[PDB]
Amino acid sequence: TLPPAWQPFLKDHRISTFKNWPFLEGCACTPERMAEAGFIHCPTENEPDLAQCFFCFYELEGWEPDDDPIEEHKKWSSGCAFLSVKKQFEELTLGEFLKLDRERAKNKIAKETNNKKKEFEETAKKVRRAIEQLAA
(Lines of atoms letter the chains of each structure in order from A and count residues from 1; the text may use other names and numbers.)
(Lines give C-alpha, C1' and ligand atoms only; values in the text may rest on other atoms or scores of the structure.)
Protein backbone atom coordinates (compact mmCIF):
# COMPACT_ATOMS: atom_id res chain seq x y z
CA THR A 1 0.00 0.00 0.00
CA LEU A 2 3.11 2.21 0.13
CA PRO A 3 4.34 3.80 3.40
CA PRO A 4 3.16 7.36 4.14
CA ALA A 5 6.62 8.78 4.86
CA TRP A 6 7.64 7.85 1.32
CA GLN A 7 4.56 9.19 -0.54
CA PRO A 8 6.06 12.53 -1.70
CA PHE A 9 8.01 10.41 -4.19
CA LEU A 10 4.62 9.71 -5.77
CA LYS A 11 3.48 12.42 -8.19
CA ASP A 12 -0.21 11.69 -7.69
CA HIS A 13 0.41 12.37 -4.01
CA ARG A 14 2.21 15.64 -4.73
CA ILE A 15 -0.59 16.62 -7.09
CA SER A 16 -3.07 15.80 -4.33
CA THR A 17 -1.29 18.17 -1.94
CA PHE A 18 -2.52 21.06 -4.06
CA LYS A 19 -5.84 22.16 -2.58
CA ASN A 20 -7.39 25.47 -3.55
CA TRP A 21 -4.41 26.11 -5.77
CA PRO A 22 -4.79 28.91 -8.36
CA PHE A 23 -3.08 28.65 -11.78
CA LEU A 24 -4.98 25.81 -13.47
CA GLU A 25 -5.97 25.09 -17.06
CA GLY A 26 -4.66 27.94 -19.19
CA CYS A 27 -1.72 28.30 -16.83
CA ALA A 28 1.76 26.85 -17.27
CA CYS A 29 2.26 25.96 -13.61
CA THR A 30 -0.58 23.50 -13.06
CA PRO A 31 -0.54 21.24 -9.97
CA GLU A 32 0.32 18.49 -12.45
CA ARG A 33 3.47 20.29 -13.65
CA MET A 34 4.14 21.49 -10.10
CA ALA A 35 4.29 17.91 -8.85
CA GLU A 36 6.32 17.24 -12.00
CA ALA A 37 8.94 19.61 -10.60
CA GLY A 38 8.77 17.86 -7.23
CA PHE A 39 6.69 20.58 -5.58
CA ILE A 40 4.27 20.17 -2.68
CA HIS A 41 1.54 22.57 -1.58
CA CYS A 42 2.57 23.92 1.82
CA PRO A 43 0.31 27.00 2.03
CA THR A 44 0.40 29.28 5.06
CA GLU A 45 -2.05 32.06 5.83
CA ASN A 46 0.48 34.77 4.99
CA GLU A 47 1.26 32.97 1.73
CA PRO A 48 -1.31 30.41 0.46
CA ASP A 49 1.05 30.52 -2.51
CA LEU A 50 3.81 28.52 -0.84
CA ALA A 51 5.12 25.41 -2.60
CA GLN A 52 8.08 23.30 -1.49
CA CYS A 53 10.17 20.64 -3.24
CA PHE A 54 9.79 17.31 -1.44
CA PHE A 55 13.36 16.30 -2.27
CA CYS A 56 15.61 19.35 -1.82
CA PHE A 57 13.16 21.26 0.40
CA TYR A 58 13.61 24.51 -1.50
CA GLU A 59 10.67 26.88 -1.13
CA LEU A 60 9.14 29.19 -3.74
CA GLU A 61 6.32 31.75 -3.62
CA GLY A 62 4.87 34.55 -5.76
CA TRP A 63 4.09 32.09 -8.54
CA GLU A 64 3.40 33.52 -11.99
CA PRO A 65 0.82 31.93 -14.33
CA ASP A 66 3.43 31.63 -17.09
CA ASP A 67 6.11 30.23 -14.77
CA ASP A 68 7.54 26.85 -15.72
CA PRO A 69 8.07 24.96 -12.41
CA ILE A 70 11.02 22.99 -13.82
CA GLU A 71 12.78 26.11 -15.16
CA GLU A 72 12.10 27.99 -11.93
CA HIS A 73 13.66 25.10 -10.04
CA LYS A 74 16.74 24.60 -12.21
CA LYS A 75 17.77 28.24 -11.77
CA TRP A 76 17.20 28.66 -8.01
CA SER A 77 18.28 25.24 -6.63
CA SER A 78 20.06 23.38 -9.43
CA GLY A 79 21.79 21.02 -7.02
CA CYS A 80 18.59 19.06 -6.49
CA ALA A 81 19.04 15.43 -7.55
CA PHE A 82 15.36 14.90 -8.29
CA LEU A 83 15.69 17.15 -11.33
CA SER A 84 18.15 14.60 -12.71
CA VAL A 85 15.70 11.74 -12.22
CA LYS A 86 14.39 10.89 -15.68
CA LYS A 87 12.90 7.48 -14.85
CA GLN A 88 9.33 6.70 -13.84
CA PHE A 89 9.12 5.95 -10.12
CA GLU A 90 8.02 2.38 -10.75
CA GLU A 91 11.01 1.95 -13.06
CA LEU A 92 13.46 2.88 -10.33
CA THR A 93 15.65 0.12 -8.94
CA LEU A 94 15.35 -0.46 -5.18
CA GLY A 95 18.99 0.54 -4.79
CA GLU A 96 18.54 3.68 -6.87
CA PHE A 97 15.48 4.60 -4.82
CA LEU A 98 17.16 3.96 -1.45
CA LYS A 99 20.08 6.05 -2.70
CA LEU A 100 17.68 8.91 -3.45
CA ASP A 101 15.77 8.57 -0.19
CA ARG A 102 19.14 8.66 1.54
CA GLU A 103 20.05 11.94 -0.16
CA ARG A 104 16.62 13.35 0.68
CA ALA A 105 17.03 12.64 4.38
CA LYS A 106 20.41 14.34 4.01
CA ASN A 107 18.96 17.47 2.39
CA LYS A 108 16.31 17.66 5.12
CA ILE A 109 19.08 17.60 7.75
CA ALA A 110 20.97 20.39 5.96
CA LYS A 111 17.81 22.48 5.77
CA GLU A 112 17.05 22.24 9.48
CA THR A 113 20.67 22.87 10.50
CA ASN A 114 20.55 25.99 8.35
CA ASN A 115 17.46 27.17 10.21
CA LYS A 116 18.98 26.35 13.58
CA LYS A 117 21.94 28.45 12.43
CA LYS A 118 19.87 31.47 11.40
CA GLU A 119 17.83 31.19 14.60
CA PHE A 120 21.03 31.09 16.65
CA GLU A 121 22.55 33.97 14.69
CA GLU A 122 19.51 36.11 15.47
CA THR A 123 19.46 35.25 19.19
CA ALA A 124 23.18 35.98 19.28
CA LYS A 125 22.68 39.43 17.73
CA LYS A 126 19.93 40.24 20.23
CA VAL A 127 21.96 39.19 23.26
CA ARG A 128 24.96 41.11 21.93
CA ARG A 129 22.97 44.31 21.50
CA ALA A 130 21.54 43.99 25.02
CA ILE A 131 24.94 43.74 26.73
CA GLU A 132 26.35 46.49 24.52
CA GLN A 133 23.50 48.83 25.46
CA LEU A 134 24.31 48.10 29.12
CA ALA A 135 27.76 49.57 28.51
CA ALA A 136 27.15 53.29 29.24
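One-based numbering along the sequence shown.
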| property | result |
| --- | --- |
| Of 30-38 and 73-81, the stretch whose C-alpha atoms average the higher B-factor in the entry | 73-81 |
| Stretch with the higher entry mean CA B-factor, where the candidates are 119-127 and 18-26 | 18-26 |
| From 90, 96, 103, 45, residue of greatest CA B-factor | 45 |
| Cα B factor band for residue 50 (lowest, middle or highest third within the chain) | highest |
| B-factor third for the C-alpha atom of residue 58 within its chain | middle |
